[PDB]
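Asker: All residue numbers for the sequence shown refer to the authors' numbering, where the first residue is 33 and numbers rise by one.
Using N, Cα and C, we set each Cβ at its ideal position, and we do this for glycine too.
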Amino acid sequence: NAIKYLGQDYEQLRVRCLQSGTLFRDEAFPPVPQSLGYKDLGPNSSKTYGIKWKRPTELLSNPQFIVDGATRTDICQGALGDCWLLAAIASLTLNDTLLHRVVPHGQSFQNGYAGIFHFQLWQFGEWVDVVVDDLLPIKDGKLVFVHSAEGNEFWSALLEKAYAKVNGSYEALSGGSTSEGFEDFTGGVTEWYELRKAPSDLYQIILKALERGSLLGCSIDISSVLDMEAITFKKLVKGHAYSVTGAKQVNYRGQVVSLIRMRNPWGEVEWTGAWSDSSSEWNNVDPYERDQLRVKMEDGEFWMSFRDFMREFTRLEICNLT
Ligand SMILES: *[C@@](O)(C(=O)NCc1ccccc1)[C@H](C[C@@H]1CCCNC1=O)NC(=O)[C@H](CC1CCCCC1)NC(=O)c1cc2ccccc2o1
Ligand SMILES: [Ca+2]
Ligand SMILES: [Ca+2]
Numbered sequence: 033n034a035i036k037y038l039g040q041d042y043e044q045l046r047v048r049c050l051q052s053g054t055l056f057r058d059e060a061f062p063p064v065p066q067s068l069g070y071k072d073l074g075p076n077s078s079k080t081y082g083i084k085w086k087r088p089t090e091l092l093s094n095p096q097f098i099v100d101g102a103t104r105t106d107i108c109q110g111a112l113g114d115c116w117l118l119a120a121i122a123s124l125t126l127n128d129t130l131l132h133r134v135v136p137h138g139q140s141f142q143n144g145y146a147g148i149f150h151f152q153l154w155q156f157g158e159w160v161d162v163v164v165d166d167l168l169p170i171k172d173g174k175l176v177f178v179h180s181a182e183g184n185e186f187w188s189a190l191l192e193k194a195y196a197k198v199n200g201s202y203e204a205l206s207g208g209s210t211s212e213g214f215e216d217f218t219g220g221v222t223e224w225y226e227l228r229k230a231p232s233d234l235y236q237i238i239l240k241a242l243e244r245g246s247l248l249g250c251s252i253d254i255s256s257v258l259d260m261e262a263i264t265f266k267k268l269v270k271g272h273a274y275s276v277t278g279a280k281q282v283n284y285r286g287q288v289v290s291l292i293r294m295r296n297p298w299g300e301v302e303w304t305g306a307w308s309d310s311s312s313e314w315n316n317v318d319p320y321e322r323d324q325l326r327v328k329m330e331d332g333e334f335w336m337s338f339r340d341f342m343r344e345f346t347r348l349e350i351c352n353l354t
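Here it is as structure tokens:
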């Protein structure tokens, strides 16, 4: 079983608050400026203007922990440079066993609610159970940091808060490497591929890793500080972590074409080239494969041919449990 982070015992704390008729207040990570950050999100920073702390039960009538599953569409980046972490969370949702360890299902804002939630994180070689109270940073009535596409779903906001807590602040998460999130969610180890010097069986490696439930991510190198977050003509984002979420071969124009699916953790802004949501390539695939694979939705998720993926992306990471 998990070690209790800072000795905090989720069930004992929840039970005490429920018996006291009160809501949990986390003395280890309070709703104070220092929990937001120290410089860019520091006390005298314009970027913290109007940010307040509110529980979901102070925001909406029927807040939910999980709605329609804990899935990758629940991961929509906010105003914090933690794309690496959010790509890791989205990839985690594809591994059902690890997802249910990291995110204890059954926590609720209704029955048994006492303003306290918990998550499991892999930290310094061990699983640890991290509690948070459910006060979250809000500006203009909306979550400022990660949020779900479902406006009344909070498991991912609370998971990001727990990750901030073990790092001391939200700002501590701004700028990072996806491998750290992958490993902190799985206990596995990340292998890095330079796509210019990829083995000839990389596609099969990707297929098998997705099938096993490994966590995969990819990115485009920057050439200078100016390329950071630059949006290309075909609406890829440079210096930005993507989740690799699928891979399938389809019959197309008399050949077998290998496709790969990835997801921008913004939850919006997608590739516009071949195999994009509205591209003409789907006209020439099997109608069942078209129905199984293609979703016409601005959700950050899209397909590319493996050939285009190797032309446009620079790096791939595969975090295997093994
Ligand atoms: C990511 O694209 C993101 O969070 N975008 C939304 C956003 C951007 C800016 C402000 C708020 C929200 C980030 C964006 C950068 C981080 C924040 C500061 N300015 C940015 O452009 N991109 C990263 O975090 C990249 C992602 C990695 C993923 C693995 C492959 C390489 C790119 N990482 C860094 O920028 C980074 C990583 C590390 C590690 C150690 C020290 C410093 C550092 O910086
Ligand atoms: Ca959901
Ligand atoms: Ca899409």
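Between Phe-186 and the rest of its own chain, which residues show a CB-CB distance below 8 Å, the 5 nearest in sequence each way excluded?
Answerer: The residues are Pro-88, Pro-95, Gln-96, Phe-97, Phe-141, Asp-166, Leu-168 and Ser-180.
Asker: Report buried or exposed for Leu-258, applying the criterion of at least 16 other Cβ atoms within 10 angstroms of its Cβ.
Answerer: exposed
Asker: Taking the alpha helix (DSSP H) that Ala-122 belongs to, which residues open and close that run?
Answerer: 115-124
Asker: Between which two residues does the beta strand (DSSP E) harbouring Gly-278 extend?
Answerer: 274-284
Asker: Using 8 Å as the threshold, is the region 127-135 in touch with the region 236-256, meaning 3 or more CB pairs across them?
Answerer: yes
Asker: So, at 8 Å on beta carbons, what are the nonlocal neighbours of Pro-136 in its own chain, with the 5 sequence-adjacent residues on each side left out?
Answerer: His-150, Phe-151 and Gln-152
Asker: Figure out for me which residue from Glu-300, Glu-330, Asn-315 and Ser-312 has the closest Cα to the Cα of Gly-110.
Answerer: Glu-300
Asker: Within 8 Å, do at least three Cβ pairs link the region 99-117 to the region 231-239?
Answerer: no
Asker: Please report how far the alpha carbon of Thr-105 lies from the alpha carbon of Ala-204, in whole angstroms.
Answerer: 24 Å
Asker: Taking buried to mean at least 16 other C-beta atoms within 10 Å of its own C-beta, is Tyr-81 buried or exposed?
Answerer: Burial call: exposed.
Asker: So, using beta-carbon positions, are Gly-271 and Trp-298 closer together than 8 Å?
Answerer: no
Asker: Can you give me the C-alpha to C-alpha distance between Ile-254 and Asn-283, rounded to a whole angstrom?
Answerer: 34 Å
Asker: Give me the DSSP bridge partner(s) of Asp-165.
Answerer: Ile-148
Asker: So, are the CB atoms of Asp-216 and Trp-116 less than 8 Å apart?
Answerer: no
Asker: My output table needs one value for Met-336: the three-state DSSP class, helix, strand or coil.
Answerer: Three-state result, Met-336: strand.
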